[PDB]
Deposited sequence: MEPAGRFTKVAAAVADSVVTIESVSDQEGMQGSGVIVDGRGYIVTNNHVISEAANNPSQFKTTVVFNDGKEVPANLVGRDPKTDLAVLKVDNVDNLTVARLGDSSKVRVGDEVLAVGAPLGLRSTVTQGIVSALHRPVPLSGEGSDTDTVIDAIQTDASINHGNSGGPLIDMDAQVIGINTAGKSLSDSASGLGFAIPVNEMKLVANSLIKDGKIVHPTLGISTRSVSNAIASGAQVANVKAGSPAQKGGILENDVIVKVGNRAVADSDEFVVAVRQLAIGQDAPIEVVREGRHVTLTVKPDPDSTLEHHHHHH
């Protein structure tokens, strides 16, 4: 058996098909078993339509052996494009082994593994092409668009392996394939999954700013398109046409990195925003709000 053949074969039983059907429509993706009690991780696109219209969709999980079981949505985070499902009282689950995405390096060989029985299923191979790479993702349903800090790979990521794991050569999960490919890194997945399992929700920081990217000799970064009334940004003295170049401890190259950087701030704690305003460099202070005040 070949090098990749062995790794794909070792993790196949941890990968599942997730199917959502209404009497009008029927969509399908992959996901990975992450906990022996039957917790399954996928991306938020895969279950979005069912989560938004639960009265008309039924979600099932199909195992490598072909068993089909009903699945319940535990919680989801459109901002990180992740979701968690739960199957009840299924025995002898092959739980995926979760790696450490902070140890992943550019050039590392990977498999992007889709669920073996999915209709369009794919397994692809490549390397890690970049780390900590902000990438915009369009929201599936009425879901908000977002940006994630991704693992980039030249393994093809397509309908047939999205929601499945990105697997390293130790056959460990180093990320979740999104919907020139990108994976949500496993260290972030673990933090978001933990939260969705407990609370059924994740609370992210918000400033009330929308930005557009600017690149030139005077100041490159995320130029402020809009500031929400009453927002942390309004209260902290951020102005439209300000060019944001640093948010907290993270330099901000463009509007994509701005989105990711905000989400690394502490809720309720003062933080520096560096701005270029009418040719001058200004540091403001902002106290981020929770995006969901009642779950904070």
### Message
Missing C-alpha coordinates: which residue stretches of the deposited sequence does that apply to?
### Response
1-3, 183-192, 310-314
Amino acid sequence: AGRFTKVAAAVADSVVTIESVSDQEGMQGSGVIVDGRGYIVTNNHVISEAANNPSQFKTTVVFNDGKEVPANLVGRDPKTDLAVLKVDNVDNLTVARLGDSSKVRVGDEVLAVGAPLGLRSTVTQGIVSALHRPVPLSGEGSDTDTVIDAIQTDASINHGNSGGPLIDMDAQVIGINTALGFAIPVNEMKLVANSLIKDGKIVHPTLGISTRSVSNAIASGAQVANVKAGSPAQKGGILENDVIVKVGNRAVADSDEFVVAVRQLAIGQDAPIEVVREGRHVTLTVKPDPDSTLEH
From here on, numbers count along this sequence of modelled residues.
### Task
Would you tell me which stretch averages the higher CA B-factor in the PDB entry, 114-122 or 158-166?
114-122
#### Entry: Of 261-269 and 30-38, the stretch whose C-alpha atoms average the higher B-factor in the entry
261-269
### Message
For the CA B factor values reported in this entry, which option in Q172, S129, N92, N187 has the top one?
### Response
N92
### Query
Which has the highest CA B-factor per the PDB entry: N177, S220, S102, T153?
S220
### Task
Please rank the C-alpha B-factors of the chain's modelled residues and tell me whether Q234 sits in the lowest, middle or highest third.
highest
### Task
Would you check the entry's CA temperature factor for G107 and let me know if it's in the chain's lowest, middle or highest third?
lowest
### Summary
Binned into thirds over the chain's modelled residues, the C-alpha B-factor of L207 lands in the middle
### Summary
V214: C-alpha B-factor third of its chain, per the entry, is the highest
## Note on the structure
Quick tally, chain-level thirds of C-alpha B-factors: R133 sits in the lowest
